[PDB]
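Data block below; observations after.
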Amino acid sequence: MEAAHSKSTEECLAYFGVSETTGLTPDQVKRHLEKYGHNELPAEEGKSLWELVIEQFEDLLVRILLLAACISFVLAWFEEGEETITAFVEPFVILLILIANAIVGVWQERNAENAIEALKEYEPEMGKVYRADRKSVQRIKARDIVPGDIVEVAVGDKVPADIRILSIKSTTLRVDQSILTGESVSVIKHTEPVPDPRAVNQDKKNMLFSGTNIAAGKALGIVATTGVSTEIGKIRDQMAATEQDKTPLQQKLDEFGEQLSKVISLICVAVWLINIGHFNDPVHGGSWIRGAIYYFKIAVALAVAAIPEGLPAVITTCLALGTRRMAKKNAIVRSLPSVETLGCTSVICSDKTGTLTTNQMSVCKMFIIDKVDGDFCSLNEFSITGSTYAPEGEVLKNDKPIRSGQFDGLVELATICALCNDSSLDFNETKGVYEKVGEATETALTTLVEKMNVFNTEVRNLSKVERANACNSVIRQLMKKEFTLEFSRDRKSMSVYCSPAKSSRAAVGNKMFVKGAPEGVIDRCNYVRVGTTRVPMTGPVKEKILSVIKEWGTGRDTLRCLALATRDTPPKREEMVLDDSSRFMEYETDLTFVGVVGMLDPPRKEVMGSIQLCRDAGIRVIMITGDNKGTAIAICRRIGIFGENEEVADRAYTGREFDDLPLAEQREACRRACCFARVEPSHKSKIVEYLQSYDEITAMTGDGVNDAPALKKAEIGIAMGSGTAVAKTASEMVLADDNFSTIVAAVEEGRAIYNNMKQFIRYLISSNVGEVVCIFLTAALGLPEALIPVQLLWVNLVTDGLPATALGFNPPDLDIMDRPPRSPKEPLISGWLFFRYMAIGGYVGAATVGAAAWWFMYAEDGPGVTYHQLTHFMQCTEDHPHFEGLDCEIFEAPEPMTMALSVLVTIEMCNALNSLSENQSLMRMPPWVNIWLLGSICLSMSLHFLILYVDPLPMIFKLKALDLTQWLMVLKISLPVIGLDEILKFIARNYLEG
Ligand SMILES: Nc1ncnc2c1ncn2[C@@H]1O[C@H](COP(=O)(O)OP(=O)(O)O)[C@@H](O)[C@H]1O
Ligand code: ALF
Ligand SMILES: [Ca+2]
Ligand SMILES: [Ca+2]
Ligand SMILES: [Mg+2]
Ligand SMILES: [Mg+2]
């Protein structure tokens, strides 16, 4: 129905031929599903694989090797005919390592995207509809919604399709439509039609757009368009502007990447400058311009060898890996920095009802007034059986099933629960279980009314569906609901104005049925109902009431209590303004107490363990709830936040007590207290903000709309999968499984990702530095060249490839969740850790020039035995005072250079074994703890063995095979790099700080 906002409510109902209070017939739905199809979208598109590869070649560090591979290809056209084959290989060596990391990235990305979509599509989105099938509102899939049927939405709900508002069951309806219209602050909706058909979405103040959320209130409406025809569906199939952005940690690495890109660039020019005197050497035989190209090729090859290629890829791989690992644990990671932030998290704030608890409400206790003397007050307490939402239970007075209608106080109490109620009950035919429609606290009352068959309604012959709201519907037909004063958390109560249905209670007058937190409701009571009579509220009576609240609340069941009262003589209907909810409390004054219900809400089993695990990781868990302080503390003890006998007078505050404190004292209380109760949504964010003033990484956990500000304020917001759509929208991570332990796993994951980045850097730096100091050592001591540009590239492919990337798959340390979180002030590289780089780099650099000099001197079977003549090897051409009389071109042998190349590769493969942890020993953390690394080392090692023995290869790479004795020398020098870092690991762990 195009331009349904233009037509009135009456014209929209007749447009599809629907009854407003009834809904579509089962035959109408069939025709509309055939005519309009399902309310869904063709899954948009997805990340193209061709575009998934092009992202691997966008970073600076990768693009550097990009320009290098091109230059080496261009310079290959200036190569002489005799030495062609060697030149063509150079750019392929540079390009192959880029593809190697590109494959791992795209592969890991695909697996991450699949795990996410396999979790997003797991749980189907539902919507509340009114149809001729059932009397009460039923729950159906959003995909089966069609224009026509009447749809109900309340606070926190997500609008399924484009809805034309028929009636607003609240005094105000505010809608969060920032996802469409862009406007942040919630907007007010009305039922009046907008005459302009060409009006914008912002002018459609009677329409409810799909994908948006209801910030406040509750309305009833008819669907206008579904599927692609939706106003948000028009831009979904085209305007797909992604909200992709690099994480803070990713930006910290890219900053460090350019930091190295400058330093390496400097030391590469430093190579080309200290070798200007070799531009006119007989080794090249070229002019002063030809010899400059060779050492220029060295600088570029040394650059490629030094420049981290996997760094921009391993961070994307680890991030994607974390996302998949969270999707595995049924956790929707809405924002990429979610995992890494929970690693830094020091404080986790959390809502109580629905978050820390299962939100499976059931009334088990209730009491009314029995007898009131001058100072004596007795109560008629009752017990209710049944933990689920099924209308199956018994009211027990002294272990005896009693008739609810016998007690007049129970009649009024049940009346209140059914009338002062926006939620209902619906039976699921598929699962065979009664499901709530709306708030769990309210539905608990709905099931109570059904069990409290007050008017003795025949229900034994009703189906499971009809049994759901049978007794409730009865009461609704007794009093006409004029209007409702929605539940507000400042007043902490809800009211409903009712008039008689002109039948039985017609000769009485209007009434208001109030329901809310015991504190406020009782304070606003001036009388108490004794059956049908009324007596003034006094001291002893008020005290007796509250005493039972405290009992059930702080008891072993920790009951969520709720007071029920009525205003016998309400103000005139025309003397009440419904524009401001601030006046609603005054309308709920001069009340008369009727009774109190107490419902159990069992805490999730995985909570107590999680809090203890958080405590081991040095993470505080603060409960912030709007519930009673007595209940809040009692539950804190049950989940481990407080001791069973711990004094909590200094560690637990109400919103009132918290406000009485000076601002400076409020800030101090947040790092002290762990339990805040009777708190407004403003307090939750205020507490979070207070913790952030101490520069602590704060997380928020919740499910309701009252958590949204704190979820936005915190570093990372975690919503319950069974929570509201509002809470999820304001979150960075959604727990679909509602598993609290998944939060702890996300913490470990974040700490693991950060640690893997450290060992990745710890390896790639300490190794590449050794390559640099090796080149400078030869030029400093006077020894001949150790490596050629082609050999430099080969080391790069073999050492800075998969053995580096595999470190992103390292296991977490043995004490990763037994150590306090990393401070935001902590730098990327410690001063001690930088010494670690030079200590290893210095050895492996001198271990390479030492193996090359070993072949010249100490080598026995190795052809060529000299002493202290390596320093002066360019003299024998013109002078040979101490030379034995051997060949004058022995210093250009490929054998000693192959020794240096062999050690350089091997000693880095060993160095990668030291990159399984930071301070943990190689014995405590065995080398077989990472199979992915060992598989990369052997592949790199074997690929090096091919280059030496496969006939055409060592000629191209200018190498010669090593004897079995020569390899033993390689291992003799390479292997003790393990012991060096082992000592360094022993110092930091024991003599320093473990
Ligand atoms: N629908 C409702 N109608 C009336 N009172 C309510 C309703 N829901 C909750 N309350 C009362 O208001 C108090 C505050 O609720 P809220 O601030 O949402 O957090 P919590 O439900 O965790 O207490 C509750 O303790 C409850 O007694
Ligand atoms: F525990 Al709540 F809103 F559900 F404070
Ligand atoms: Ca490199
Ligand atoms: Ca290297
Ligand atoms: Mg709540
Ligand atoms: Mg909640």
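Following the authors' numbering, the numbering of the sequence shown begins with 1 at its first residue and continues without gaps. We put the CB at the ideal spot given by N, CA and C, even for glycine.
Around the beta carbon of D157, a 10 Å sphere encloses 16 or more other beta carbons of the protein chains shown; the residue is thus reported as buried. Within the same chain, and ignoring the five residues on either side of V106 in sequence, the residues whose Cβ sits closer than 8 Å to its Cβ are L49, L52, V53, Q56. Annotation: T698 to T592 spans about 44 Å, alpha carbon to alpha carbon. The C-alpha of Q360 is placed about 7 Å away from the C-alpha of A440. No residue range can be given for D879, since it is assigned to no alpha helix (DSSP H) and is classified by DSSP as neither H nor E. A distance criterion of 8 Å places the beta-carbon of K492 beyond contact range of ligand 2, judged by its closest non-hydrogen atom. Set against 8 Å, the gap from the CB of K352 to the closest heavy atom of ligand 6 is smaller.
Taking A634 as the centre and dropping the five residues before and after it, the same chain places the C-beta of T554, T558 closer than 6 Å to its C-beta, in chain order. When the alpha-carbon of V790 is set against those of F92, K252, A649, the nearest one is in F92. No residue range can be given for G555, since it is assigned to no beta strand (DSSP E) and is classified by DSSP as neither H nor E.
Per DSSP, the continuous alpha helix (DSSP H) segment holding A112 begins and ends at 84 to 120. Relative to ligand 2, the nearest heavy atom lies less than 8 Å away from the CB of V679. In this structure, the C-beta of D738 stays at least 8 Å away from each heavy atom of ligand 1.
Within the same chain, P811, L916 come within 7 Å of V929 by CB-CB distance, once the 5 residues on both sides are set aside.
The way I'd put it, the region 339 to 355 does touch the region 610 to 627; three or more beta-carbon pairs between them come closer than 8 Å. Cβ neighbours of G322 within its own chain (closer than 6 Å, five residues either side excluded): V339, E749, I753. For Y130, the enclosing beta strand (DSSP E) begins and ends at 126 to 130. Sorting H880, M452, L425, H32 by C-alpha distance to the C-alpha of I384 places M452 at the top. Those residues having their beta-carbon less than 5 Å away from any non-hydrogen atom of ligand 4 are, in chain order, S767, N768, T799, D800. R534: member of the beta strand (DSSP E) spanning 533 to 536, first to last residue. Two segments are said to touch when three or more pairs of C-beta atoms, one from each, lie closer than 8 Å; by this definition the region 193 to 202 does not touch the region 239 to 257. Where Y653 is concerned, the enclosing beta strand (DSSP E) starts and stops at 652 to 654. Separation of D659 and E435 (C-alpha to C-alpha, rounded to the nearest whole angstrom) is 39 Å.
For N755, the Cβ stays outside the 8 Å cut-off from all heavy atoms of ligand 6. Annotation for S499: no alpha helix (DSSP H) segment contains it, though the beta strand (DSSP E) segment containing it runs 493 to 500.
Shown here, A224 sits in a strand according to DSSP, grouped into three states. Taking all protein chains in view, the Cβ of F427 is crowded by 16 or more other Cβ atoms within 10 Å, so the residue is classified as buried.
For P603, the pairing in a beta bridge is given by DSSP as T357. Per DSSP, the unbroken alpha helix (DSSP H) holding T848 starts and ends at 831 to 856. Judged by the Cβ position, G516 qualifies as a neighbour of ligand 1 at the 8 Å threshold, a heavy atom of the ligand being closer than this. The beta carbons of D737 and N330 sit closer together than 9 Å. With a cutoff of 9 Å on beta-carbon distance, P248 and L60 are scored as not near each other.
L302 places its beta carbon 9 Å or farther from that of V283. No residue range can be given for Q244, since it is assigned to no alpha helix (DSSP H) and is classified by DSSP as neither H nor E. The criterion of a C-beta distance shorter than 9 Å is satisfied by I179 and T729. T698: member of the beta strand (DSSP E) spanning 698 to 702, first to last residue.
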